[PDB]
Structures are given as structure tokens and as C-alpha cells.
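One structure is given here, and the rest of the page talks about it.
Chain identifiers are assigned alphabetically (A, B, ...) following the order of the sequence lines, protein sequences preceding nucleic acid strands; residue numbering begins at 1 within each chain. The figures that follow rest on heavy atoms only: side chains count, while hydrogens, waters and symmetry mates do not.
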Amino acid sequence: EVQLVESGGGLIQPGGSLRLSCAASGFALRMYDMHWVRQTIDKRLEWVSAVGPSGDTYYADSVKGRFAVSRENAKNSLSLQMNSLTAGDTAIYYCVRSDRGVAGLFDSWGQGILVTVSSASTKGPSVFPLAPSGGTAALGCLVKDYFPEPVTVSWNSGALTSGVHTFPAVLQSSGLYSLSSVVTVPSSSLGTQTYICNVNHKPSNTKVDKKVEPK
Amino acid sequence: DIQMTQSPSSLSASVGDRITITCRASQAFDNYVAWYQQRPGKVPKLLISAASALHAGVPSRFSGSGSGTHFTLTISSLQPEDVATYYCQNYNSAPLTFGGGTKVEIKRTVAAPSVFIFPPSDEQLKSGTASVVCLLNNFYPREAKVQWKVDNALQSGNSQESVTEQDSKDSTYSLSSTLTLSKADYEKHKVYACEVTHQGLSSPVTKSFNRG
């Protein structure tokens, strides 16, 4: 069926350039208007741009003059040239198919790709234990000062899932992200059962496995 | 069609209840209103178009009505899989804009949080910083007051909170509050305390430690 697959995102400097690409399958690009829609940090949805099969292009006022959208019908692919970027362009960008016959009706959405615009360099996280101290005990890992998103956190390489809570990242005033991951366990398992949080930060090629010991 | 606004920003209801989301338009546009559903961590999906036309795979408990500038989305038997953010959008008009979204949550019985506090690790102290973490686990409703006290002094501007999405099993939330100080500042004080006020707590719960 309809699959839209975005590529070409990542982290870029303000004033910089990125090219998003979208490979479409399950339908012919020629028959549909294709759009770009983004979800910014406030989780608001925002229409960005559109292109018709003949190559006619349209832009939201917030990106007009800075972005360039194009398509190649024969390759069933679409692209978004993003230039003169600002931190406000930071968002998840979706390649989207509009319903044929209707303008702006977004019936098929891609998987979305993260674009971050900042002057901050990539940076791996420091990973610190949140050490447990009566039936139920809590323990965790603090994953601090990394950039950009995302990180993945697992416990015991995915073997431990129950009672795990991984918090959404928060942006610190330093402009770097931080989050914690915690798990609830029987306090009687402390000292005998091993707990390790596995942290992977692909953008910085940082991989940390931290053992969290009691006290 | 120039501006879409939704009400409310968030709403709660029990499984089986009926809810109504409202989308206000600043100007009319021949009732070309679409509704999208975005489940947590997932991609938006088109639910309804032409204000009232249900799309593929959406249950008949979903309905939309309204005209002119007043538009509404109704779920007649709220289910856990309906927990999501719903967006209205004007289409077949310009500019294409979305409402700010309405977050739908399942309402359950009140549940007090279990509270845990974590001192900074020795490893972090070596780096020159100290984070103190206060964890509120498995509570409902989401609203909670978390206040940091350091040697009985109310703390402001040096903590951040983060809240999980509603748990798919028990419909509860968990919350972290993280107090960040310099190493020197951390070693300057003794008693660190997270005080938690919540609907399920008759009196506030304070979790504390002494540095050392």
C-alpha cells in the first residue's frame, strides 16, 4: 500500500542548508499533489509547502523565499530544499499525500523525519546512575547534556520492560538535552539482580551501558 | 479559514463516556474542515473530512458536525485507543492551518504518587555539577505540585519537570523533577527535599535526604 519514506534530515547550523527527500510507493506521484507538513517543538502542526504534478510550487509564508520544493514523477520521488535555516524550523517534517480531487486533504502521511537547527555542536550524553535506597524500589539513569535528539534507553538490553518509564527529554538553559529513565522493581531483588541502563546516542556515536548499584 | 482555534486544550473522560471537541474558525469557508488523530509517538491520521465524513477504519463512535465557523468532533463511547491529540484543519482554502490540538485522556480513579528521591552520583560530582531527581510514580490525575526545598528554603528557577504519556495499562502518569546545581552549591547545603502535593495525598509528601 501507500508508503512515504523521508530521508536527508538531521542537525544543521542556522543559515545552513538541508535537502529532505521522500520516496513514494503504492501510488503514482503524477496523480497527486504532494505536501510537506511539519510538527514544531510546541507539537503544533504546520503546513510548509506543496508541489503539483506539473511542478507548480506553493509555500507557507513562514518559509517562502527560503525553501524550494520539487518532484521527479518518473522516480516517484519528491524533495524539500531547506535553506537560510533558523531554530524555528526545528521540527519533525512529514512527506504527505493530498487526496486527489481535493486541495489540502492529507490522507497519507510519511514516517516523519527530525530536523534540528541550532548552533550547538553534536554532543554525547553523560550517563549517571539514579541509585535506589520496603516492597517496591525505584532506580534509574540520568542521561544528561546531549545534542541533538534522540537518545534511546533500554534496561537489561530490552529484557526489562515492566515498570520502565523513560521521560521525554527537556531542553536545558545550556541548550543541551537531558532525560531520565526509571524502573520500579521489588526491593528484595536489590543486591542480587543486576540492573544496567543501555544508552545509545546515534548522532554523536556515543554508546553507554551503566550499571546501577544500590545506595 | 485564516485561523483555527480548538477547545479545550485537554479533556478527561472515563471509558464509555461521550466527549466533544470544538474547533473555532475566524472566518467561514464552506465547511471544509478535516479532523486528524495523532496517537502518542505516532504519525497523524485523517479521521474525518467535510466536517462530518468518517474515513477508513474509524469507528462509528466518532462523529463530526457544525457549520460556518463552529465545528465539533464527538466520540460517543470513549476507548483507551482513542487517547491521542486531535487536530482540526481547514482545507480547500487558504491558508491551510491547523487548530492547536486537543489532548484526550482517559479518566480513572484518583491515585496518589509513590515518591522517590535520588541524590547526585559521585561520578557527576566529579564533573562539577549535581542533579537531584524527584520521581512521582503512577499517579492520577496528572496535575501535581512539586516543590524543591534546600535546607528549608523554597527553590525556584533551577528545576525542570518532565511527564510521561498516560500509561496504556493503568491510565496513570509518572513525573520527574530534576534540581540542578553546581557542585560547589550542592556541597554548600545539607538537606534536600522534594515536597509533593496531589489530589490523592491528604497531606503533602516530603522525600528528603541529608548530603553524605
Side-chain angles (χ1 to χ4, degrees), chain A residues 124-146 151-157 159-170 172 176-201 206 208-215, chain B residues 113-139 146 148 150 158-164 173-181 183 186 191-196 205-212:
Chain A
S126 297
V127 180
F128 310 115
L130 297 170
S133 300
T136 287
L139 59 102
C141 283
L142 171 62
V143 179
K144 189 180 169 61
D145 294 337
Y146 66 89
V151 291
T152 58
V153 178
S154 61
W155 286 90
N156 297 353
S157 297
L160 173 59
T161 55
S162 178
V164 172
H165 291 292
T166 301
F167 291 93
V170 73
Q172 306 168 101
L176 301 167
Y177 291 98
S178 182
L179 62 81
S180 279
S181 182
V182 296
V183 54
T184 273
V185 302
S187 52
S188 67
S189 80
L190 299 177
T192 62
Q193 165 73 40
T194 294
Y195 297 105
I196 298 171
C197 79
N198 326 102
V199 178
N200 213 341
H201 183 240
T206 302
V208 180
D209 302 287
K210 208 68 179 184
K211 189 176 184 306
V212 186
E213 283 273 346
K215 312 300 172 59
Chain B
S114 292
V115 193
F116 305 90
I117 189 159
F118 301 98
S121 69
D122 312 342
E123 186 194 357
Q124 187 187 13
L125 292 180
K126 285 182 58 181
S127 70
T129 64
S131 302
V132 194
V133 179
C134 181
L135 165 69
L136 284 62
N137 213 36
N138 302 332
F139 59 94
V146 188
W148 286 97
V150 179
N158 45 16
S159 60
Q160 294 184 285
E161 295 179 4
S162 177
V163 189
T164 61
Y173 296 93
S174 291
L175 181 149
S176 69
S177 177
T178 304
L179 174 68
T180 297
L181 306 172
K183 178 190 182 59
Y186 178 64
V191 183
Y192 288 83
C194 171
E195 177 178 345
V196 172
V205 164
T206 301
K207 292 293 181 177
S208 314
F209 62 95
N210 303 324
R211 186 182 59 83

Has [X] got a side-chain atom pairing as donor or acceptor with [Y]'s backbone, closer than 3.5 angstrom?
| X | Y | value |
| --- | --- | --- |
| B:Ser174 | B:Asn138 | yes |
| A:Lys210 | A:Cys197 | no |
| A:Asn198 | A:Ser157 | yes |
| B:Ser162 | B:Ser176 | no |
| B:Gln124 | B:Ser131 | yes |
| B:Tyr186 | B:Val132 | no |
| B:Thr178 | B:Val133 | no |

Let me confirm one number: the [atom1]-[atom2] distance from [X] to [Y], rounded to the nearest 0.5 Å.
| X | Y | atom1 | atom2 | answer |
| --- | --- | --- | --- | --- |
| B:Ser208 | B:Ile117 | OG | CD1 | 6.0 Å |
| B:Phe139 | B:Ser114 | CZ | OG | 11.0 Å |
| B:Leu175 | A:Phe167 | CG | CZ | 6.5 Å |
| A:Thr206 | A:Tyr146 | OG1 | OH | 12.0 Å |
| A:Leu160 | A:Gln193 | CG | CD | 8.0 Å |
| B:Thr129 | A:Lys144 | OG1 | NZ | 5.5 Å |

Flag the pair [X] / [Y] as yes when at least one side-chain heavy-atom distance between them is below 4.5 Å, and no otherwise.
| X | Y | answer |
| --- | --- | --- |
| A:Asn156 | A:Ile196 | yes |
| B:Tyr192 | B:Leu181 | yes |
| B:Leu136 | B:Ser177 | no |
| B:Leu179 | B:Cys134 | no |
| A:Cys141 | A:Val153 | no |

Which heavy atom in [X] sits nearest to a heavy atom in [Y], and how many Å separate them?
| X | Y | value |
| --- | --- | --- |
| A:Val143 | A:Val199 | CG2-CG2, 3.8 Å |
| A:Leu190 | A:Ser133 | CD1-O, 3.9 Å |
| A:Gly124 | A:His201 | CA-ND1, 3.8 Å |

Can you label the angle between the B:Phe116 ring and the B:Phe118 ring as parallel, tilted or perpendicular, going by 30° and 60°?
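The rings of B:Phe116 and B:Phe118 lie parallel, inter-plane angle below 30°.
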Taking atom [atom1] of [X] as the centre, does the number of heavy atoms from other residues, nucleotides or ligands within less than 6.0 Å exceed 12?
| X | atom1 | value |
| --- | --- | --- |
| B:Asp122 | CG | no |
| B:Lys126 | NZ | no |
| B:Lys183 | NZ | yes |

